[PDB]
>>> print(open('data_22.pdb').read())   # PDB, C-alpha atoms
ATOM      1  CA  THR N   1     107.194  81.827  76.829
ATOM      2  CA  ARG N   2     110.431  83.901  77.001
ATOM      3  CA  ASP N   3     108.936  86.922  75.206
ATOM      4  CA  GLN N   4     108.435  89.433  78.061
ATOM      5  CA  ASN N   5     108.099  92.672  76.078
ATOM      6  CA  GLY N   6     105.157  94.901  76.916
ATOM      7  CA  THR N   7     103.543  96.941  79.699
ATOM      8  CA  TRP N   8     102.379  94.937  82.728
ATOM      9  CA  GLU N   9     100.255  96.645  85.358
ATOM     10  CA  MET N  10     100.195  94.965  88.758
ATOM     11  CA  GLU N  11      96.816  93.492  89.689
ATOM     12  CA  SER N  12      97.617  91.477  92.844
ATOM     13  CA  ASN N  13     100.588  91.609  95.193
ATOM     14  CA  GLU N  14     100.865  89.576  98.370
ATOM     15  CA  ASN N  15     103.254  89.609 101.352
ATOM     16  CA  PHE N  16     104.891  92.748  99.988
ATOM     17  CA  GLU N  17     104.927  93.964 103.594
ATOM     18  CA  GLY N  18     107.053  91.010 104.718
ATOM     19  CA  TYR N  19     109.509  91.100 101.808
ATOM     20  CA  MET N  20     110.023  94.774 102.743
ATOM     21  CA  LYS N  21     110.466  93.879 106.411
ATOM     22  CA  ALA N  22     113.256  91.342 105.767
ATOM     23  CA  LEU N  23     114.918  94.120 103.718
ATOM     24  CA  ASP N  24     114.747  96.418 106.789
ATOM     25  CA  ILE N  25     112.581  99.175 105.268
ATOM     26  CA  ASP N  26     111.154 101.424 107.924
ATOM     27  CA  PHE N  27     107.499 100.914 108.849
ATOM     28  CA  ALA N  28     106.442 104.343 107.601
ATOM     29  CA  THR N  29     107.655 103.567 104.076
ATOM     30  CA  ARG N  30     106.127 100.089 104.158
ATOM     31  CA  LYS N  31     102.538 101.229 104.822
ATOM     32  CA  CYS N  32     102.966 103.580 101.808
ATOM     33  CA  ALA N  33     104.562 101.330  99.175
ATOM     34  CA  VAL N  34     101.613  98.948  99.512
ATOM     35  CA  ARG N  35      99.278 101.750  98.404
ATOM     36  CA  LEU N  36     101.119 102.466  95.143
ATOM     37  CA  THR N  37     100.181 100.832  91.890
ATOM     38  CA  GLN N  38     103.130  99.420  89.946
ATOM     39  CA  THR N  39     103.714  99.420  86.199
ATOM     40  CA  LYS N  40     106.510  97.442  84.500
ATOM     41  CA  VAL N  41     107.840  98.104  80.992
ATOM     42  CA  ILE N  42     110.187  95.426  79.680
ATOM     43  CA  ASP N  43     112.212  95.824  76.478
ATOM     44  CA  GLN N  44     113.817  92.575  75.375
ATOM     45  CA  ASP N  45     116.447  91.768  72.767
ATOM     46  CA  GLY N  46     116.656  88.048  73.034
ATOM     47  CA  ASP N  47     118.514  88.205  76.340
ATOM     48  CA  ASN N  48     119.154  91.987  76.591
ATOM     49  CA  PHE N  49     116.576  93.642  78.900
ATOM     50  CA  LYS N  50     115.678  97.290  79.652
ATOM     51  CA  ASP N  51     112.841  97.266  82.199
ATOM     52  CA  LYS N  52     111.637 100.271  84.216
ATOM     53  CA  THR N  53     109.122  99.959  87.062
ATOM     54  CA  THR N  54     107.088 102.877  88.404
ATOM     55  CA  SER N  55     105.061 103.069  91.625
ATOM     56  CA  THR N  56     102.138 105.463  91.028
ATOM     57  CA  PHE N  57      99.901 106.546  93.956
ATOM     58  CA  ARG N  58      96.774 108.279  92.581
ATOM     59  CA  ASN N  59      96.147 110.770  89.803
ATOM     60  CA  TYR N  60      93.516 113.312  88.836
ATOM     61  CA  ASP N  61      92.285 114.205  85.354
ATOM     62  CA  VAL N  62      90.370 117.466  85.198
ATOM     63  CA  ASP N  63      89.254 118.601  81.733
ATOM     64  CA  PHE N  64      87.362 121.871  81.603
ATOM     65  CA  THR N  65      86.951 125.276  79.932
ATOM     66  CA  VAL N  66      87.902 128.700  81.273
ATOM     67  CA  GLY N  67      85.101 131.061  82.221
ATOM     68  CA  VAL N  68      82.887 128.041  82.789
ATOM     69  CA  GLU N  69      82.061 126.774  86.253
ATOM     70  CA  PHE N  70      82.090 122.973  86.360
ATOM     71  CA  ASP N  71      81.902 119.988  88.678
ATOM     72  CA  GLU N  72      85.144 118.902  90.342
ATOM     73  CA  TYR N  73      85.019 115.804  92.559
ATOM     74  CA  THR N  74      88.407 116.011  94.260
ATOM     75  CA  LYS N  75      88.766 112.248  94.443
ATOM     76  CA  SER N  76      92.402 111.354  95.186
ATOM     77  CA  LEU N  77      92.559 114.261  97.659
ATOM     78  CA  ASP N  78      89.651 114.703 100.044
ATOM     79  CA  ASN N  79      86.761 113.822  97.673
ATOM     80  CA  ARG N  80      85.266 117.183  98.502
ATOM     81  CA  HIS N  81      82.878 119.084  96.267
ATOM     82  CA  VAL N  82      83.571 122.565  94.936
ATOM     83  CA  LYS N  83      82.308 124.946  92.288
ATOM     84  CA  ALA N  84      85.406 125.850  90.268
ATOM     85  CA  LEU N  85      85.471 129.084  88.269
ATOM     86  CA  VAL N  86      88.583 129.779  86.212
ATOM     87  CA  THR N  87      89.585 133.233  84.918
ATOM     88  CA  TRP N  88      92.698 134.879  83.454
ATOM     89  CA  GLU N  89      94.560 137.650  85.332
ATOM     90  CA  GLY N  90      97.143 138.783  82.815
ATOM     91  CA  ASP N  91      98.938 135.604  81.685
ATOM     92  CA  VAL N  92      98.191 133.803  84.995
ATOM     93  CA  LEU N  93      95.508 131.090  85.163
ATOM     94  CA  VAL N  94      93.455 131.547  88.370
ATOM     95  CA  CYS N  95      90.768 129.306  89.819
ATOM     96  CA  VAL N  96      88.752 129.730  92.984
ATOM     97  CA  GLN N  97      86.864 126.785  94.458
ATOM     98  CA  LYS N  98      83.565 127.989  95.977
ATOM     99  CA  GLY N  99      82.617 125.414  98.569
ATOM    100  CA  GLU N 100      83.269 124.078 102.038
ATOM    101  CA  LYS N 101      86.670 125.747 102.506
ATOM    102  CA  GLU N 102      87.454 129.436 102.079
ATOM    103  CA  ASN N 103      90.503 130.515 100.037
ATOM    104  CA  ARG N 104      90.446 127.212  98.122
ATOM    105  CA  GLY N 105      91.965 128.134  94.771
ATOM    106  CA  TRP N 106      95.121 127.906  92.728
ATOM    107  CA  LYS N 107      97.245 129.942  90.303
ATOM    108  CA  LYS N 108      99.264 128.555  87.387
ATOM    109  CA  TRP N 109     101.579 130.361  84.937
ATOM    110  CA  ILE N 110     104.624 129.999  82.672
ATOM    111  CA  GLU N 111     107.908 131.832  83.433
ATOM    112  CA  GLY N 112     110.595 130.755  80.998
ATOM    113  CA  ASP N 113     110.875 126.998  81.183
ATOM    114  CA  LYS N 114     109.327 126.393  84.595
ATOM    115  CA  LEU N 115     105.572 126.161  85.273
ATOM    116  CA  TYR N 116     104.478 127.655  88.589
ATOM    117  CA  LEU N 117     101.474 126.267  90.451
ATOM    118  CA  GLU N 118     100.410 127.825  93.733
ATOM    119  CA  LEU N 119      97.866 125.897  95.761
ATOM    120  CA  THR N 120      96.159 127.688  98.627
ATOM    121  CA  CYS N 121      93.659 126.578 101.253
ATOM    122  CA  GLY N 122      92.882 128.590 104.393
ATOM    123  CA  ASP N 123      96.046 130.295 105.646
ATOM    124  CA  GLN N 124      98.256 127.702 103.865
ATOM    125  CA  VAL N 125     100.079 128.473 100.598
ATOM    126  CA  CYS N 126     101.596 125.596  98.608
ATOM    127  CA  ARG N 127     104.255 126.363  96.019
ATOM    128  CA  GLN N 128     104.710 123.860  93.201
ATOM    129  CA  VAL N 129     107.424 124.287  90.524
ATOM    130  CA  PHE N 130     107.802 122.248  87.340
ATOM    131  CA  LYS N 131     110.453 122.286  84.649
ATOM    132  CA  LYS N 132     109.539 121.098  81.165
ATOM    133  CA  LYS N 133     110.394 117.601  79.936
TER     134      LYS N 133
ATOM    135  CA  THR O   1     102.708 133.652  77.849
ATOM    136  CA  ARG O   2      99.447 131.726  78.310
ATOM    137  CA  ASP O   3     100.756 128.651  76.447
ATOM    138  CA  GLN O   4     100.837 125.849  79.002
ATOM    139  CA  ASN O   5     101.024 122.694  76.856
ATOM    140  CA  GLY O   6     103.758 120.126  77.462
ATOM    141  CA  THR O   7     104.919 117.635  80.070
ATOM    142  CA  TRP O   8     105.969 119.227  83.356
ATOM    143  CA  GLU O   9     108.070 117.440  85.925
ATOM    144  CA  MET O  10     107.921 118.957  89.398
ATOM    145  CA  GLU O  11     111.313 119.991  90.812
ATOM    146  CA  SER O  12     110.362 121.795  94.057
ATOM    147  CA  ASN O  13     107.127 121.642  96.060
ATOM    148  CA  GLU O  14     106.810 123.431  99.410
ATOM    149  CA  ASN O  15     104.218 123.631 102.209
ATOM    150  CA  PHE O  16     102.486 120.697 100.616
ATOM    151  CA  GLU O  17     102.036 119.281 104.120
ATOM    152  CA  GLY O  18     100.422 122.495 105.330
ATOM    153  CA  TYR O  19      98.064 122.806 102.351
ATOM    154  CA  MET O  20      97.050 119.169 102.908
ATOM    155  CA  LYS O  21      96.702 119.676 106.681
ATOM    156  CA  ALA O  22      94.243 122.534 106.236
ATOM    157  CA  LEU O  23      92.393 120.150 103.904
ATOM    158  CA  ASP O  24      92.115 117.737 106.854
ATOM    159  CA  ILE O  25      93.772 114.877 105.011
ATOM    160  CA  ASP O  26      94.709 112.363 107.687
ATOM    161  CA  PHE O  27      98.229 112.243 109.086
ATOM    162  CA  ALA O  28      99.063 108.876 107.516
ATOM    163  CA  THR O  29      98.101 110.002 104.011
ATOM    164  CA  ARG O  30      99.958 113.288 104.459
ATOM    165  CA  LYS O  31     103.301 111.756 105.434
ATOM    166  CA  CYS O  32     103.080 109.729 102.193
ATOM    167  CA  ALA O  33     102.314 112.139  99.341
ATOM    168  CA  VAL O  34     105.157 114.394 100.546
ATOM    169  CA  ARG O  35     107.406 111.690  99.113
ATOM    170  CA  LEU O  36     105.658 111.624  95.771
ATOM    171  CA  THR O  37     107.207 113.338  92.803
ATOM    172  CA  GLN O  38     104.576 114.876  90.569
ATOM    173  CA  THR O  39     104.338 115.074  86.771
ATOM    174  CA  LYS O  40     101.764 117.215  84.982
ATOM    175  CA  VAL O  41     100.626 116.845  81.384
ATOM    176  CA  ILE O  42      98.573 119.752  80.036
ATOM    177  CA  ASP O  43      96.419 119.676  76.887
ATOM    178  CA  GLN O  44      95.256 123.122  75.719
ATOM    179  CA  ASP O  45      93.060 124.335  72.829
ATOM    180  CA  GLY O  46      92.587 128.067  73.343
ATOM    181  CA  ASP O  47      90.393 128.226  76.451
ATOM    182  CA  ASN O  48      89.824 124.487  76.745
ATOM    183  CA  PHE O  49      92.077 122.485  79.075
ATOM    184  CA  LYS O  50      92.732 118.749  79.591
ATOM    185  CA  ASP O  51      95.117 118.221  82.539
ATOM    186  CA  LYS O  52      96.373 114.843  83.811
ATOM    187  CA  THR O  53      98.569 114.650  86.968
ATOM    188  CA  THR O  54     100.388 111.606  88.304
ATOM    189  CA  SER O  55     102.501 111.445  91.537
ATOM    190  CA  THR O  56     105.397 108.964  91.476
ATOM    191  CA  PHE O  57     106.882 107.518  94.620
ATOM    192  CA  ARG O  58     110.237 106.100  93.521
ATOM    193  CA  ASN O  59     111.174 104.544  90.184
ATOM    194  CA  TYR O  60     113.681 101.882  89.202
ATOM    195  CA  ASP O  61     115.681 101.156  86.034
ATOM    196  CA  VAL O  62     117.484  97.823  85.923
ATOM    197  CA  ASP O  63     118.963  96.944  82.509
ATOM    198  CA  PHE O  64     121.180  93.902  82.245
ATOM    199  CA  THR O  65     122.021  90.728  80.266
ATOM    200  CA  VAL O  66     121.258  87.122  81.179
ATOM    201  CA  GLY O  67     124.204  84.945  82.210
ATOM    202  CA  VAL O  68     126.153  88.141  82.841
ATOM    203  CA  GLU O  69     126.607  89.415  86.380
ATOM    204  CA  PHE O  70     126.266  93.117  87.060
ATOM    205  CA  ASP O  71     126.075  95.480  90.017
ATOM    206  CA  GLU O  72     122.589  96.506  91.107
ATOM    207  CA  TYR O  73     122.164  99.520  93.409
ATOM    208  CA  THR O  74     118.682  98.848  94.795
ATOM    209  CA  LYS O  75     117.496 102.456  94.684
ATOM    210  CA  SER O  76     113.702 102.717  95.253
ATOM    211  CA  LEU O  77     113.944  99.893  97.772
ATOM    212  CA  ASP O  78     116.868 100.039 100.215
ATOM    213  CA  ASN O  79     119.655 101.693  98.137
ATOM    214  CA  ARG O  80     121.916  98.701  98.976
ATOM    215  CA  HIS O  81     124.596  96.948  96.860
ATOM    216  CA  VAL O  82     124.307  93.530  95.205
ATOM    217  CA  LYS O  83     125.985  91.667  92.388
ATOM    218  CA  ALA O  84     123.042  90.311  90.374
ATOM    219  CA  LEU O  85     123.320  87.237  88.131
ATOM    220  CA  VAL O  86     120.339  86.442  85.906
ATOM    221  CA  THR O  87     119.861  83.017  84.314
ATOM    222  CA  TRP O  88     117.102  81.070  82.602
ATOM    223  CA  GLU O  89     115.626  77.901  84.044
ATOM    224  CA  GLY O  90     113.388  77.051  81.126
ATOM    225  CA  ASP O  91     110.887  79.876  80.702
ATOM    226  CA  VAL O  92     111.603  81.228  84.190
ATOM    227  CA  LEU O  93     113.926  84.200  84.415
ATOM    228  CA  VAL O  94     115.988  83.698  87.566
ATOM    229  CA  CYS O  95     118.095  86.204  89.478
ATOM    230  CA  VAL O  96     120.145  86.046  92.637
ATOM    231  CA  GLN O  97     121.351  89.195  94.397
ATOM    232  CA  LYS O  98     124.400  88.000  96.300
ATOM    233  CA  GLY O  99     124.927  90.538  99.049
ATOM    234  CA  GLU O 100     124.071  91.355 102.631
ATOM    235  CA  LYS O 101     121.000  89.160 103.032
ATOM    236  CA  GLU O 102     120.412  85.480 102.462
ATOM    237  CA  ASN O 103     118.171  84.276  99.599
ATOM    238  CA  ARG O 104     118.086  87.706  97.920
ATOM    239  CA  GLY O 105     116.807  87.029  94.395
ATOM    240  CA  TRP O 106     113.710  86.824  92.251
ATOM    241  CA  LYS O 107     111.820  84.736  89.704
ATOM    242  CA  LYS O 108     109.918  86.086  86.699
ATOM    243  CA  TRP O 109     107.887  84.048  84.242
ATOM    244  CA  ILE O 110     104.983  84.507  81.849
ATOM    245  CA  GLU O 111     101.832  82.385  81.745
ATOM    246  CA  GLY O 112     100.027  83.667  78.685
ATOM    247  CA  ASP O 113      98.343  87.041  79.344
ATOM    248  CA  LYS O 114      99.867  87.547  82.810
ATOM    249  CA  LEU O 115     103.405  88.104  84.109
ATOM    250  CA  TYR O 116     104.241  86.470  87.445
ATOM    251  CA  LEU O 117     106.861  87.931  89.775
ATOM    252  CA  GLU O 118     108.169  86.161  92.865
ATOM    253  CA  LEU O 119     110.310  88.215  95.248
ATOM    254  CA  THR O 120     112.377  86.679  98.031
ATOM    255  CA  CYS O 121     114.657  88.067 100.743
ATOM    256  CA  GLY O 122     115.751  85.958 103.671
ATOM    257  CA  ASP O 123     112.786  83.720 104.514
ATOM    258  CA  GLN O 124     110.149  86.027 102.979
ATOM    259  CA  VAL O 125     108.423  85.487  99.629
ATOM    260  CA  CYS O 126     106.516  88.253  97.809
ATOM    261  CA  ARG O 127     104.252  87.138  94.952
ATOM    262  CA  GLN O 128     103.230  89.803  92.443
ATOM    263  CA  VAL O 129     100.954  89.260  89.444
ATOM    264  CA  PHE O 130     100.722  91.600  86.422
ATOM    265  CA  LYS O 131      98.442  91.780  83.380
ATOM    266  CA  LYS O 132      99.584  93.101  79.963
ATOM    267  CA  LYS O 133      98.190  96.324  78.435
TER     268      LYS O 133
END
>>> encode(input="data_22.pdb", output="structure tokens")
Amino acid sequence: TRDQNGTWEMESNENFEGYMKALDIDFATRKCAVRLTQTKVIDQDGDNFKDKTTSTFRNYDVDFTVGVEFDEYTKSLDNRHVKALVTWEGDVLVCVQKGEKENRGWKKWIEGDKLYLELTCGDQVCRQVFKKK
Amino acid sequence: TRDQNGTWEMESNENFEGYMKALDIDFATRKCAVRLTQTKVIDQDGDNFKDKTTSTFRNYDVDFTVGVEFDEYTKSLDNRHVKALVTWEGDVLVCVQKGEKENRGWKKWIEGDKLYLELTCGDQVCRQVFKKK
């Protein structure tokens, strides 16, 4: 069949490491790209194609309610276990994760068209910045 | 404002390595995710949240026409230059990337419910297998 439209998620990929070697990718990048999942989207018009591949590492879905404390299994990070309590401080969404590490929490808020996420653990502060899309 | 719905693409992310270090993520995993771009999708209903994150290492768009030759800048792989010519051999979509390396091309073909990808550079063959969705 020549009809290749649709979304195809990779399920097996072999000798990717070698194909990347003969292309002269550095070793650091190689031992990463083999951890990403790939997803192909092909749009076909007889013989006119528009296909976009995407290598996606891991992803977390957390669905909760503010004021409630709930169970967060930080799979895709360190699979640690915390008690997460979320509260508002003005317009800023603040969570603290009561558990193994101290100062494990985050802050998220909207300022114009960029969403600000601060991630803090220990004496480390991570600053994440997102523009809408 | 407390309204955080929408799709957020990260544009700057700093001290991610430090935040992850204090989480004791291993050095190999750390030196990876600092390459990932991150995309957040927030679903809000008053005080009830549904957040889904993603992390994207690299992404490629190649849009062409069979029989026609075009220039492919292999971003997301080695950011090299090839002239790519795509042709059918039956139900097998065949490309050759004439450029620096020998045998640089690929084969794509469908067998029912799965898409098969064969990737070759030089003497190395990568075989990828995808299921529809």
>>> atom_distance(input="data_22.pdb", atom1="CA of residue 41 in chain N", atom2="CA of residue 128 in chain O")
14.9 Å
>>> axis_aligned_box(input="data_22.pdb", around="range 26-33 of chain O", padding_each_side="3 Å", output="JSON")
{"center_x": 99.0, "center_y": 111.1, "center_z": 104.2, "size_x": 14.6, "size_y": 10.4, "size_z": 15.7}
>>> residues_around(input="data_22.pdb", residues="range 66-82 of chain O", least_positions_apart="2", cutoff="8 Å", atoms="all atoms listed in the file", output="PyMOL selection string")
(chain N and resi 23-25+47-48) or (chain O and resi 58-60+62+64+84-88+97-100)
>>> residues_around(input="data_22.pdb", residues="residue 94 in chain O", least_positions_apart="2", cutoff="8 Å", atoms="all atoms listed in the file", output="number ranges by chain")
O: 86-89, 92, 96, 105-108
>>> calpha_fit_rmsd(input="data_22.pdb", fixed="chain O", moving="chain N")
0.9 Å
>>> atom_distance(input="data_22.pdb", atom1="CA of residue 101 in chain N", atom2="CA of residue 22 in chain O")
9.0 Å
>>> interface_residues(input="data_22.pdb", of="chain N", to="chain O", cutoff="7 Å", atoms="only C-alpha atoms", output="short mmCIF file (atom, residue, chain, number, x, y, z; two decimals) with C-alpha atoms, keeping the file's coordinate frame")
data_model
loop_
_atom_site.label_atom_id
_atom_site.label_comp_id
_atom_site.auth_asym_id
_atom_site.auth_seq_id
_atom_site.Cartn_x
_atom_site.Cartn_y
_atom_site.Cartn_z
CA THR N 1 107.19 81.83 76.83
CA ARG N 2 110.43 83.90 77.00
CA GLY N 6 105.16 94.90 76.92
CA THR N 7 103.54 96.94 79.70
CA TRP N 8 102.38 94.94 82.73
CA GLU N 9 100.26 96.64 85.36
CA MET N 10 100.20 94.96 88.76
CA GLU N 11 96.82 93.49 89.69
CA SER N 12 97.62 91.48 92.84
CA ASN N 13 100.59 91.61 95.19
CA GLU N 14 100.86 89.58 98.37
CA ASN N 15 103.25 89.61 101.35
CA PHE N 16 104.89 92.75 99.99
CA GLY N 18 107.05 91.01 104.72
CA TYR N 19 109.51 91.10 101.81
CA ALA N 22 113.26 91.34 105.77
CA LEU N 23 114.92 94.12 103.72
CA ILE N 25 112.58 99.18 105.27
CA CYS N 32 102.97 103.58 101.81
CA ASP N 47 118.51 88.20 76.34
CA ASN N 48 119.15 91.99 76.59
CA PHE N 49 116.58 93.64 78.90
CA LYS N 50 115.68 97.29 79.65
CA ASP N 51 112.84 97.27 82.20
CA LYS N 52 111.64 100.27 84.22
CA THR N 53 109.12 99.96 87.06
CA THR N 54 107.09 102.88 88.40
CA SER N 55 105.06 103.07 91.62
CA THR N 56 102.14 105.46 91.03
CA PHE N 57 99.90 106.55 93.96
CA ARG N 58 96.77 108.28 92.58
CA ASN N 59 96.15 110.77 89.80
CA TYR N 60 93.52 113.31 88.84
CA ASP N 61 92.28 114.20 85.35
CA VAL N 62 90.37 117.47 85.20
CA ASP N 63 89.25 118.60 81.73
CA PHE N 64 87.36 121.87 81.60
CA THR N 65 86.95 125.28 79.93
CA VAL N 66 87.90 128.70 81.27
CA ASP N 78 89.65 114.70 100.04
CA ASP N 91 98.94 135.60 81.68
CA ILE N 110 104.62 130.00 82.67
CA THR N 120 96.16 127.69 98.63
CA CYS N 121 93.66 126.58 101.25
CA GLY N 122 92.88 128.59 104.39
CA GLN N 124 98.26 127.70 103.86
CA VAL N 125 100.08 128.47 100.60
CA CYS N 126 101.60 125.60 98.61
CA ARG N 127 104.26 126.36 96.02
CA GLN N 128 104.71 123.86 93.20
CA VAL N 129 107.42 124.29 90.52
CA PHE N 130 107.80 122.25 87.34
CA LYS N 131 110.45 122.29 84.65
CA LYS N 132 109.54 121.10 81.17
CA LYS N 133 110.39 117.60 79.94
#
>>> decode(input="data_22.pdb", residues="range 98-121 of chain N", atoms="N, CA and C atoms", output="mmCIF file, in the first residue's frame")
data_model
loop_
_atom_site.group_PDB
_atom_site.id
_atom_site.type_symbol
_atom_site.label_atom_id
_atom_site.label_comp_id
_atom_site.auth_asym_id
_atom_site.auth_seq_id
_atom_site.Cartn_x
_atom_site.Cartn_y
_atom_site.Cartn_z
ATOM 1 N N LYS N 98 6.144 17.729 50.834
ATOM 2 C CA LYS N 98 6.565 17.192 52.126
ATOM 3 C C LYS N 98 7.042 15.758 51.934
ATOM 4 N N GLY N 99 8.326 15.525 52.163
ATOM 5 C CA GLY N 99 8.871 14.211 51.921
ATOM 6 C C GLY N 99 10.357 14.177 52.161
ATOM 7 N N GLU N 100 11.039 13.313 51.406
ATOM 8 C CA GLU N 100 12.446 13.031 51.656
ATOM 9 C C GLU N 100 13.280 14.311 51.642
ATOM 10 N N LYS N 101 13.102 15.152 50.626
ATOM 11 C CA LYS N 101 13.907 16.357 50.482
ATOM 12 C C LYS N 101 13.194 17.560 51.094
ATOM 13 N N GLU N 102 13.984 18.457 51.669
ATOM 14 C CA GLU N 102 13.495 19.728 52.177
ATOM 15 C C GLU N 102 13.549 20.757 51.054
ATOM 16 N N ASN N 103 12.642 21.737 51.118
ATOM 17 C CA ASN N 103 12.526 22.797 50.111
ATOM 18 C C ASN N 103 12.132 22.245 48.737
ATOM 19 N N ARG N 104 11.466 21.096 48.697
ATOM 20 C CA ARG N 104 10.955 20.561 47.444
ATOM 21 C C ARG N 104 9.586 21.188 47.228
ATOM 22 N N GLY N 105 9.506 22.116 46.282
ATOM 23 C CA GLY N 105 8.254 22.767 45.953
ATOM 24 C C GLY N 105 8.425 23.493 44.643
ATOM 25 N N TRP N 106 7.349 24.141 44.204
ATOM 26 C CA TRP N 106 7.417 24.908 42.969
ATOM 27 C C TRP N 106 6.394 26.030 43.029
ATOM 28 N N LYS N 107 6.612 27.052 42.198
ATOM 29 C CA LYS N 107 5.704 28.189 42.052
ATOM 30 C C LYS N 107 5.391 28.416 40.572
ATOM 31 N N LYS N 108 4.122 28.639 40.244
ATOM 32 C CA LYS N 108 3.751 28.878 38.857
ATOM 33 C C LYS N 108 2.768 30.043 38.768
ATOM 34 N N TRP N 109 2.972 30.943 37.792
ATOM 35 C CA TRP N 109 2.097 32.108 37.649
ATOM 36 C C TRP N 109 2.157 32.707 36.241
ATOM 37 N N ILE N 110 1.140 33.500 35.909
ATOM 38 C CA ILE N 110 1.024 34.113 34.590
ATOM 39 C C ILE N 110 1.370 35.596 34.692
ATOM 40 N N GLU N 111 2.286 36.046 33.827
ATOM 41 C CA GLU N 111 2.708 37.442 33.694
ATOM 42 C C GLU N 111 2.689 37.812 32.215
ATOM 43 N N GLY N 112 1.558 38.311 31.754
ATOM 44 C CA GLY N 112 1.408 38.707 30.374
ATOM 45 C C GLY N 112 1.185 37.476 29.534
ATOM 46 N N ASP N 113 2.126 37.164 28.657
ATOM 47 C CA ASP N 113 1.956 35.991 27.815
ATOM 48 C C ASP N 113 3.005 34.924 28.077
ATOM 49 N N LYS N 114 3.699 35.004 29.199
ATOM 50 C CA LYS N 114 4.683 33.999 29.548
ATOM 51 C C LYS N 114 4.262 33.394 30.883
ATOM 52 N N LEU N 115 4.379 32.067 31.005
ATOM 53 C CA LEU N 115 4.071 31.357 32.243
ATOM 54 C C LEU N 115 5.371 31.016 32.951
ATOM 55 N N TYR N 116 5.472 31.406 34.214
ATOM 56 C CA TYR N 116 6.703 31.263 34.979
ATOM 57 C C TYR N 116 6.572 30.098 35.945
ATOM 58 N N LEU N 117 7.491 29.149 35.851
ATOM 59 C CA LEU N 117 7.542 28.017 36.760
ATOM 60 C C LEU N 117 8.917 28.030 37.388
ATOM 61 N N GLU N 118 8.940 28.087 38.713
ATOM 62 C CA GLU N 118 10.148 27.996 39.507
ATOM 63 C C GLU N 118 10.099 26.636 40.162
ATOM 64 N N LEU N 119 11.205 25.918 40.076
ATOM 65 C CA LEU N 119 11.338 24.600 40.668
ATOM 66 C C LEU N 119 12.515 24.661 41.624
ATOM 67 N N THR N 120 12.288 24.287 42.872
ATOM 68 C CA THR N 120 13.318 24.422 43.890
ATOM 69 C C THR N 120 13.463 23.108 44.643
ATOM 70 N N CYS N 121 14.708 22.667 44.815
ATOM 71 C CA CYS N 121 15.024 21.578 45.728
ATOM 72 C C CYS N 121 16.355 21.862 46.409
#
